[PDB]
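Asker: Please see the structure below; I have some questions.
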Amino acid sequence: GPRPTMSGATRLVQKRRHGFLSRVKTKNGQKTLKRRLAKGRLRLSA
Amino acid sequence: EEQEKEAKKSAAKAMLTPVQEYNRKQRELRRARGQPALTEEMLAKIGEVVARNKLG
Amino acid sequence: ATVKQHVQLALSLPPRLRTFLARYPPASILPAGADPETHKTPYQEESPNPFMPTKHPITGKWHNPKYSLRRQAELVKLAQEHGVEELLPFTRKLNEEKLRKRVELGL
Amino acid sequence: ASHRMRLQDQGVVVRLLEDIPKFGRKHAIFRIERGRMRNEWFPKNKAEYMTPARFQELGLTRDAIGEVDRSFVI
Amino acid sequence: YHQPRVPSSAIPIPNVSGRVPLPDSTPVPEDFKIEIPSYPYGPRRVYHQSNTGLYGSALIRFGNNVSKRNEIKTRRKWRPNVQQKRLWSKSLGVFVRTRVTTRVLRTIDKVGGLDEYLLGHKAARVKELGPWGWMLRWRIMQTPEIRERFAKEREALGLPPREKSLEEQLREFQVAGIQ
RNA sequence: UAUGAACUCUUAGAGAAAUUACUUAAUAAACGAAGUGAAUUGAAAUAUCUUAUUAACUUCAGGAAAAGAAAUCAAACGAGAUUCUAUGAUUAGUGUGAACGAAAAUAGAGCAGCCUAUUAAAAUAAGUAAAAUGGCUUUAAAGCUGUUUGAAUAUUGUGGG
RNA sequence: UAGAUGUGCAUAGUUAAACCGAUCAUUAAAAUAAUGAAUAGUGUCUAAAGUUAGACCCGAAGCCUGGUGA
Ligand SMILES: [K+]
Ligand SMILES: [K+]
Ligand SMILES: [K+]
Ligand SMILES: [Mg+2]
Ligand SMILES: [Mg+2]
Ligand SMILES: [Mg+2]
Ligand SMILES: [Mg+2]
Ligand SMILES: [Mg+2]
Ligand SMILES: [Mg+2]
Ligand SMILES: [Mg+2]
Ligand SMILES: [Mg+2]
Ligand SMILES: [Mg+2]
Ligand SMILES: [Mg+2]
Ligand SMILES: [Mg+2]
């Protein structure tokens, strides 16, 4: 079954992993933004 | 910004060989000659050939 | 008046034909007392026959004809539709040349 | 013997600009190994490659290539 | 590569990337760079190893490996016989170090030398030179031998005699530095 | 038909995008070409084959790109660039099989030729054509290609098919 | 005005195949010696079908490629 994996989770690790700068500055991150931007998402990251 | 790009695009003209520079100089002279024209006398002689081969 | 009608037939040809004749005029249409060698056209000075290949004097290399064999057949076909086939220079694609070679030598 | 063998290079034709001992006299044309010409002679300006253009300027033809003279003495 | 220093020329043999960094000793004015004209056919989008050597027209080729009995296809690679030789340059007068294939070594002998192989104007050769061969071509154009050879070949073609060269600019910076 | 204004981020540098700090800093996706290139699947198993020069990824490029005015096809008559659609054709042919699969030609959409290219390019093309070998493609030809070698000079019959 | 243009099917069969042909093939020469095969097609509509496409509908575990996450 699922586990409580978000216990003790901080919001500084959310910007370093799934933030916006982590995606525009990486080759594989531009795809995610372009993919999410083509679908029409508002929340491109974090 | 464009003057430094057209000068950067034609910057390899200083690396041309004597033969390349010679062929590029002839086009200017050949293009300046223009196209030959057909005088009324030559046109009249061409019509005779057309009429002779069409009407007789 | 007849001369005016003749000039209206030469100007009725397609520009493709008029362009070729302007730079490669045969001796027939030249002035009566003109000489073929003199007052040549700038195109004629480069090569007397644009359809035949020419060996460049300075460099011993043959230059392709100005008009390829495919284009030689399009002018002969277009020149034969307006009865101006007697003006084009010698060509293997000429209807009379193809026929003469067959009768002379055969298969 | 066979109808096909290993393809081999016979060398490069060069005209000696000097008079190297044990090979040939000056202005001698022959086929030498590419290694010696490329690494020893050409840098020292001891010979020159006999390109088709060179043959024309010198007036000679391809039927003037000689053989190496190992016995040559200065 | 680590290229020798031209005997009487301030300009160094260009780098593999195209930069021509001058020594600290040579005085250079504010924001002065030696730029080589762009390669007409641009770099080689594949096999970037060929953008830094004389590879002619050879690249890394992909094909199959076939079994003796069942003829099962497996992908493999064919690499060009790339070496690293020191080729003599009559114009420069030194041993230009570069990576050249064995097929281009026979072309250097066929045309009469590295200098003759770099000055070829045919389209098939300019494509074989590549970005690196285009930098060595530019370099030998600055030498006085080639400059005095092209000026003599223009008199035979009926061309006017041929402003300041790159060697003079660097020479004038050594004079202006003392004033 | 003109005209004032039009903030911040993506988008100077840094950073936890819409902040800092500066400054009259600024360009998504799909579509195109090349490179690389599978497997499910079918063959009632399965290796060749098929799926498939597919999907996907990488680079580069423009509003389109690519291709393009015959070293093309035809067959003893002749056609006359490229591209798109249909027929030719469940054909020729290939393959043990399963299956894969042309071209000439015809009709239509378009039509344009040229090197003095209407944007500025040949002094007519040599490590090239081609050969052996290892592969791709493929009908054994032609075409692409790593390695080792390596020509000829125009119908007055030279060179390719 | 005038002339031409545009897949296809049938109109002749026979044989591996062509020549041949109301005849053809085998008989190593041929020959009523023997044996087999000869006469309405074509287009359209309606419906039912064979074939290739997902192919009457729903359902795997798994395989490969590209990305995501410590
Ligand atoms: K778990
Ligand atoms: K590489
Ligand atoms: K082949
Ligand atoms: Mg934790
Ligand atoms: Mg050897
Ligand atoms: Mg900013
Ligand atoms: Mg920024
Ligand atoms: Mg089976
Ligand atoms: Mg078949
Ligand atoms: Mg040629
Ligand atoms: Mg080949
Ligand atoms: Mg052949
Ligand atoms: Mg061939
Ligand atoms: Mg029949």
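Naming works like this for the structure tokens: A, B, ... for the chains as they're shown, residue 1 at the start of each chain, ligands 1 onward in shown order.
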Counting only C-alpha atoms (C1' of nucleotides), a student should be able to say which residues of chain D come within 10 Å of chain F; what is the right answer, written as a list in words?
Answerer: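 Close enough to count are residues 4, 5, 6, 7, 8 and 9 of chain D.
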Asker: Taking the DSSP assignment computed from this structure's backbone, write out as an MDAnalysis selection string all residues of chain E that belong to alpha helix (DSSP H).
Answerer: chainID E and resid 102:111 114:118 123:142 144:156 166:176
Asker: Those same residues - C-alpha atoms - I'd like them written as an mmCIF file, in the first residue's frame.
Answerer:
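out.cif written:
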```
data_model
loop_
_atom_site.group_PDB
_atom_site.id
_atom_site.type_symbol
_atom_site.label_atom_id
_atom_site.label_comp_id
_atom_site.auth_asym_id
_atom_site.auth_seq_id
_atom_site.Cartn_x
_atom_site.Cartn_y
_atom_site.Cartn_z
ATOM 1 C CA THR E 102 45.190 7.748 -45.091
ATOM 2 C CA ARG E 103 43.121 8.608 -48.177
ATOM 3 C CA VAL E 104 43.815 12.334 -47.783
ATOM 4 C CA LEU E 105 47.526 11.585 -47.390
ATOM 5 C CA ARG E 106 47.525 10.190 -50.928
ATOM 6 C CA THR E 107 45.722 13.322 -52.119
ATOM 7 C CA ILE E 108 48.373 15.553 -50.546
ATOM 8 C CA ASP E 109 50.960 13.647 -52.576
ATOM 9 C CA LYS E 110 48.807 13.684 -55.719
ATOM 10 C CA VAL E 111 48.435 17.477 -55.766
ATOM 11 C CA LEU E 114 49.607 20.319 -48.157
ATOM 12 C CA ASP E 115 49.670 23.882 -49.492
ATOM 13 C CA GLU E 116 48.418 22.738 -52.896
ATOM 14 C CA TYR E 117 45.738 20.653 -51.161
ATOM 15 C CA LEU E 118 44.462 23.646 -49.168
ATOM 16 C CA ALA E 123 33.645 22.645 -54.729
ATOM 17 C CA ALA E 124 34.498 18.994 -54.080
ATOM 18 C CA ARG E 125 37.686 20.069 -52.297
ATOM 19 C CA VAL E 126 36.258 22.910 -50.203
ATOM 20 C CA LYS E 127 33.770 20.386 -48.831
ATOM 21 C CA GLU E 128 36.608 17.968 -48.062
ATOM 22 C CA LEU E 129 38.652 20.610 -46.231
ATOM 23 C CA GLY E 130 36.074 21.269 -43.537
ATOM 24 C CA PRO E 131 36.205 23.956 -40.860
ATOM 25 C CA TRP E 132 39.763 23.023 -39.882
ATOM 26 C CA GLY E 133 41.018 22.846 -43.463
ATOM 27 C CA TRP E 134 39.427 26.253 -44.017
ATOM 28 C CA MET E 135 41.481 27.687 -41.142
ATOM 29 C CA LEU E 136 44.769 26.353 -42.509
ATOM 30 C CA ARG E 137 43.758 27.672 -45.932
ATOM 31 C CA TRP E 138 43.234 31.118 -44.410
ATOM 32 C CA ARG E 139 46.592 30.938 -42.634
ATOM 33 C CA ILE E 140 48.736 30.202 -45.693
ATOM 34 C CA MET E 141 46.966 33.079 -47.456
ATOM 35 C CA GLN E 142 48.655 35.468 -45.014
ATOM 36 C CA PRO E 144 54.213 36.260 -48.254
ATOM 37 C CA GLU E 145 54.892 33.278 -50.531
ATOM 38 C CA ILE E 146 51.222 32.670 -51.335
ATOM 39 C CA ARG E 147 50.531 36.410 -51.446
ATOM 40 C CA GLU E 148 53.382 36.843 -53.940
ATOM 41 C CA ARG E 149 52.200 33.762 -55.865
ATOM 42 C CA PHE E 150 48.582 34.900 -56.192
ATOM 43 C CA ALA E 151 49.732 38.380 -57.223
ATOM 44 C CA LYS E 152 51.740 36.816 -60.058
ATOM 45 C CA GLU E 153 48.822 34.604 -61.110
ATOM 46 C CA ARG E 154 46.628 37.707 -61.444
ATOM 47 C CA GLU E 155 48.934 39.217 -64.075
ATOM 48 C CA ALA E 156 48.371 36.176 -66.300
ATOM 49 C CA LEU E 166 47.122 41.225 -41.048
ATOM 50 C CA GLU E 167 50.888 40.846 -40.607
ATOM 51 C CA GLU E 168 51.390 44.609 -40.902
ATOM 52 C CA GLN E 169 48.734 45.445 -38.303
ATOM 53 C CA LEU E 170 50.540 43.295 -35.739
ATOM 54 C CA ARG E 171 53.824 44.878 -36.831
ATOM 55 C CA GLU E 172 52.450 48.392 -36.320
ATOM 56 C CA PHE E 173 51.202 47.528 -32.822
ATOM 57 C CA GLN E 174 54.787 46.770 -31.787
ATOM 58 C CA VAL E 175 55.884 50.204 -33.020
ATOM 59 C CA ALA E 176 52.953 52.112 -31.517
#
```
Asker: Let me make sure I understand: among C:64, C:59, C:95, C:80, which one has the smallest atom-to-atom distance to chain D if we use only C-alpha atoms?
Answerer: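 Comparing C:64, C:59, C:95, C:80 against chain D, the winner is C:59.
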Asker: Up to 12 Å from chain A, what residues of chain F turn up? Count only C-alpha atoms (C1' of nucleotides) and give them as a PyMOL selection string.
Answerer: chain F and resi 9-11+14-18+28-30+57-58
Asker: Write down as a ChimeraX atom specification the residues of chain D whose backbone DSSP state falls under strand (DSSP E or B).
Answerer: /D:12-16,29-32,47-49,66
Asker: Store the residues picked out above in a file with C-alpha atoms, as a tab-separated table (two decimals), in the first residue's frame.
Answerer:
```tsv
chain	number	residue	atom	x	y	z
D	12	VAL	CA	55.04	8.51	-56.03
D	13	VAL	CA	56.90	10.08	-58.95
D	14	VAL	CA	59.35	12.81	-57.91
D	15	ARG	CA	62.05	14.85	-59.66
D	16	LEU	CA	65.12	15.32	-57.48
D	29	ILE	CA	62.64	11.18	-62.22
D	30	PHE	CA	61.72	7.89	-60.56
D	31	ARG	CA	59.18	6.29	-58.23
D	32	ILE	CA	60.22	6.49	-54.57
D	47	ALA	CA	62.82	16.79	-54.43
D	48	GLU	CA	59.40	17.77	-55.74
D	49	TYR	CA	56.23	15.94	-56.72
D	66	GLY	CA	63.39	6.28	-64.61
```
Asker: Quick check, in Å to one decimal: how far apart do CA of residue 5 in chain C and CA of residue 73 in chain C lie?
Answerer: 29.0 Å
Asker: Please identify the residues whose atoms come within 9 Å of ligand 8, using only C-alpha atoms (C1' of nucleotides) and all ligand atoms, and report them as a ChimeraX atom specification.
Answerer: /F:43-46,97-98
Asker: What residues of the protein or nucleic acid chains come within 9 Å of ligand 12 when you use only C-alpha atoms (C1' of nucleotides) and all ligand atoms? Reply as number ranges by chain.
Answerer: F: 141-142, 161
Asker: With a distance cut-off of 10 Å and only C-alpha atoms (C1' of nucleotides), select the neighbouring residues of residue 80 in chain F, excluding the residue or stretch itself and same-chain residues fewer than 2 positions from it, and output the selection as a ChimeraX atom specification.
Answerer: /C:69-74 /F:70,72-73
Asker: Could you take the residues named above and write them with N, CA and C atoms (P, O5', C5', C4', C3', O3' and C1' of nucleotides), as a PDB file, in the first residue's frame?
Answerer:
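Now in result_2.pdb:
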```pdb
ATOM      1  N   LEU C  69      20.977  18.429 -74.790  1.00  0.00           N
ATOM      2  CA  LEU C  69      20.260  17.656 -75.800  1.00  0.00           C
ATOM      3  C   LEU C  69      18.755  17.698 -75.568  1.00  0.00           C
ATOM      4  N   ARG C  70      18.330  17.698 -74.304  1.00  0.00           N
ATOM      5  CA  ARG C  70      16.910  17.839 -74.003  1.00  0.00           C
ATOM      6  C   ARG C  70      16.392  19.189 -74.476  1.00  0.00           C
ATOM      7  N   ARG C  71      17.138  20.255 -74.188  1.00  0.00           N
ATOM      8  CA  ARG C  71      16.728  21.584 -74.620  1.00  0.00           C
ATOM      9  C   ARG C  71      16.864  21.746 -76.127  1.00  0.00           C
ATOM     10  N   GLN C  72      17.824  21.053 -76.742  1.00  0.00           N
ATOM     11  CA  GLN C  72      17.939  21.082 -78.196  1.00  0.00           C
ATOM     12  C   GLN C  72      16.700  20.511 -78.869  1.00  0.00           C
ATOM     13  N   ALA C  73      16.049  19.536 -78.234  1.00  0.00           N
ATOM     14  CA  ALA C  73      14.833  18.952 -78.779  1.00  0.00           C
ATOM     15  C   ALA C  73      13.596  19.796 -78.515  1.00  0.00           C
ATOM     16  N   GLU C  74      13.623  20.650 -77.493  1.00  0.00           N
ATOM     17  CA  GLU C  74      12.484  21.517 -77.221  1.00  0.00           C
ATOM     18  C   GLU C  74      12.462  22.733 -78.134  1.00  0.00           C
TER      19      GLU C  74
ATOM     20  P     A F  70      18.677  19.840 -68.689  1.00  0.00           P
ATOM     21  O5'   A F  70      19.142  18.822 -67.557  1.00  0.00           O
ATOM     22  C5'   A F  70      20.069  17.783 -67.846  1.00  0.00           C
ATOM     23  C4'   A F  70      19.847  16.575 -66.970  1.00  0.00           C
ATOM     24  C3'   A F  70      20.788  15.405 -67.237  1.00  0.00           C
ATOM     25  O3'   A F  70      21.049  14.705 -66.021  1.00  0.00           O
ATOM     26  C1'   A F  70      18.563  14.725 -67.628  1.00  0.00           C
ATOM     27  P     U F  72      21.764   8.950 -66.948  1.00  0.00           P
ATOM     28  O5'   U F  72      20.630   9.379 -65.914  1.00  0.00           O
ATOM     29  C5'   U F  72      19.892  10.577 -66.101  1.00  0.00           C
ATOM     30  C4'   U F  72      18.404  10.357 -65.987  1.00  0.00           C
ATOM     31  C3'   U F  72      17.881   9.001 -66.438  1.00  0.00           C
ATOM     32  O3'   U F  72      17.983   8.004 -65.436  1.00  0.00           O
ATOM     33  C1'   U F  72      16.589  10.700 -67.437  1.00  0.00           C
ATOM     34  P     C F  73      17.607   6.480 -65.778  1.00  0.00           P
ATOM     35  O5'   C F  73      16.106   6.563 -66.304  1.00  0.00           O
ATOM     36  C5'   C F  73      15.555   5.532 -67.110  1.00  0.00           C
ATOM     37  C4'   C F  73      14.295   5.988 -67.800  1.00  0.00           C
ATOM     38  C3'   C F  73      13.691   5.021 -68.804  1.00  0.00           C
ATOM     39  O3'   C F  73      12.909   4.006 -68.202  1.00  0.00           O
ATOM     40  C1'   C F  73      13.759   7.191 -69.739  1.00  0.00           C
TER      41        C F  73
END
```
Asker: Closest to chain C among D:53, D:73, D:67, D:24, using only C-alpha atoms?
Answerer: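 The answer is D:53, which sits nearest to chain C.
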Asker: Name the residues in contact with residue 92 in chain F at a cut-off of 10 Å, using only C-alpha atoms (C1' of nucleotides), excluding same-chain residues fewer than 5 positions from it; report them as an NGL selection string.
Answerer: :F and (101-103)
Asker: Could those selected residues go to a file with N, CA and C atoms (P, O5', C5', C4', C3', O3' and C1' of nucleotides), as a PDB file, in the first residue's frame?
Answerer:
```
ATOM      1  P     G F 101       5.368  -2.742 -49.890  1.00  0.00           P
ATOM      2  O5'   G F 101       5.857  -2.862 -51.399  1.00  0.00           O
ATOM      3  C5'   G F 101       7.231  -2.757 -51.737  1.00  0.00           C
ATOM      4  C4'   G F 101       7.460  -3.113 -53.182  1.00  0.00           C
ATOM      5  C3'   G F 101       6.551  -2.413 -54.177  1.00  0.00           C
ATOM      6  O3'   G F 101       6.983  -1.104 -54.497  1.00  0.00           O
ATOM      7  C1'   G F 101       6.581  -4.721 -54.645  1.00  0.00           C
ATOM      8  P     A F 102       5.911   0.023 -54.892  1.00  0.00           P
ATOM      9  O5'   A F 102       5.684  -0.204 -56.451  1.00  0.00           O
ATOM     10  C5'   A F 102       6.106   0.766 -57.396  1.00  0.00           C
ATOM     11  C4'   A F 102       7.473   0.456 -57.948  1.00  0.00           C
ATOM     12  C3'   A F 102       7.826   1.158 -59.249  1.00  0.00           C
ATOM     13  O3'   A F 102       8.282   2.483 -59.049  1.00  0.00           O
ATOM     14  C1'   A F 102       8.349  -1.137 -59.430  1.00  0.00           C
ATOM     15  P     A F 103       7.446   3.724 -59.633  1.00  0.00           P
ATOM     16  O5'   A F 103       7.980   3.870 -61.124  1.00  0.00           O
ATOM     17  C5'   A F 103       9.369   3.990 -61.386  1.00  0.00           C
ATOM     18  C4'   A F 103       9.725   3.433 -62.739  1.00  0.00           C
ATOM     19  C3'   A F 103       8.940   3.994 -63.913  1.00  0.00           C
ATOM     20  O3'   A F 103       9.435   5.241 -64.363  1.00  0.00           O
ATOM     21  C1'   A F 103       8.979   1.643 -64.057  1.00  0.00           C
TER      22        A F 103
END
```
Asker: Rounded to one decimal, what separation in Å do you get between CA of residue 3 in chain A and CA of residue 46 in chain A?
Answerer: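 Going from CA of residue 3 in chain A over to CA of residue 46 in chain A, I get 21.6 Å.
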